[PDB]
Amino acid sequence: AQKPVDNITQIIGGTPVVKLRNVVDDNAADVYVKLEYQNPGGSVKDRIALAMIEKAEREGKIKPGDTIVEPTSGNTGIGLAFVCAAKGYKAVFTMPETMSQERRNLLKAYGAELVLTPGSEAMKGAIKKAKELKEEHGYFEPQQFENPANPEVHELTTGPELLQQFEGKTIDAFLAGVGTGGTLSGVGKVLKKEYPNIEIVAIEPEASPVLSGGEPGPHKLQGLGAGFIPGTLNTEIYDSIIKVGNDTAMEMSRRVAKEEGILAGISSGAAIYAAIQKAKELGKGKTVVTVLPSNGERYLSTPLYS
């Protein structure tokens, strides 16, 4: 049990790793899974929310009481709202009016202000409104898709944690779904430095396989498939790309929940599906690691568990 801290953000990081024992064949490599949903805010985005805020503090760009704006309808909104409440910043999020009342109440419960943009404009209108508040009113925009603090925090916390957790062993393959790409790039840089023969595998939805030179599209793998190549993604870090479909990811999340007791989001089901295929390719004696970015409870209102 960790000794008491004075701020909830001091709990971010240090997430556990669980070996999969049922859904992976015995004739395959070991599959280990890092529970980023054990972060206090509920997802991997806890790390980059705190890092982007504390980097701007360090650089003198913001001070407690300042207002932060970010166009997000996913876990970065929850992570930023959580961190801003904990550190004393005013969080503002732009999002289409379409968003669910549950997610809106969650962000408002942290005291965040919501700027609701036209639902017909979707993410474009939300990004537009954030730019107006940034440019015309001086709101600080973390910009999770360009801010180097995103992949760098994975260089300085997530990656090193995996080194410390797999000391005495070698990691033969790391896989991660790509949303901002900060996870894959930051930990991939650190693991490749320590394990020069590791395979770094990008996971992306088969509906929007942009990284595989493919063509953008709509998917249900929340947290992935931004439709572009983010500045925070190091496109050289990965040696290969595994594409996962919506139904395959949902079926794997349900199996992991029923057979491993690990209830995680659809993107986690995609990561585990890819990690199992890679583990079957490597065979016994090899070690395959992937990341579970979010919990399944956050999606009990989705067809994933309906």
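Basically, rigid core = biggest C-alpha set you can superpose within 1.5 Å across the two forms. When you see a residue number, it is the position in the sequence shown, counting from 1.
Original post:
Which is farther from the shown form in 4 other deposited structures of this protein in C-alpha RMS with the core fitted, 85-93 or 129-137?
Top reply: Checking 129-137 against 85-93 in 4 other deposited structures of this protein, I find the farther stretch is 129-137.
Subject >> Stretch departing more from the displayed form, 180-188 or 112-120, Cα RMS in 4 other deposited structures of this protein (core fit) >> reply: Between 180-188 and 112-120, greater C-alpha deviation in 4 other deposited structures of this protein belongs to 112-120.
Original post:
Looking only at CA atoms, which has the higher mean B factor in the entry: 3-11 or 296-304?
Top reply: Taking the mean C-alpha B-factor of 3-11 and of 296-304, the larger value falls to 296-304.
Original post:
Taking the recorded C-alpha temperature factors, which stretch has the higher mean, 212-220 or 146-154?
Top reply: Higher mean C-alpha B-factor in the PDB entry: 212-220.
Subject >> Highest-ranked of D66, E281, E70, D46 once sorted by CA temperature factor in the record >> reply: That would be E281.
**OP:** Please pick out which of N197, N75, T183, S120 has the largest Cα B-factor as recorded in the entry.
**Re:** That would be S120.
**OP:** Consider only the C-alpha atoms of the modelled residues in this chain, order them by B-factor as the entry records it, and name the third containing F228: lowest, middle or highest.
**Re:** Highest third - that is where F228 ends up once the chain's C-alpha B-factors are sorted.
Original post:
Going by what the PDB entry lists, where does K243 fall on CA B-factor within its chain: lowest, middle or highest third?
Top reply: For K243, the deposited C-alpha B-factor lands in the highest third.
**OP:** Using the B-factor values recorded in the entry, state whether the Cα atom of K108 falls in the lowest, middle or highest third among the modelled residues of its chain.
**Re:** It belongs to the middle third of the chain when residues are ordered by C-alpha B-factor.
Original post:
With respect to C-alpha B-factor, does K131 fall in the lowest, middle or highest third of the chain as deposited?
Top reply: Answer is lowest: the recorded C-alpha B-factor places it there.
Original post:
According to the PDB entry, is the CA B factor of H137 in the bottom, middle or top third of its chain, that is, lowest, middle or highest?
Top reply: It falls in the bottom third of the chain.
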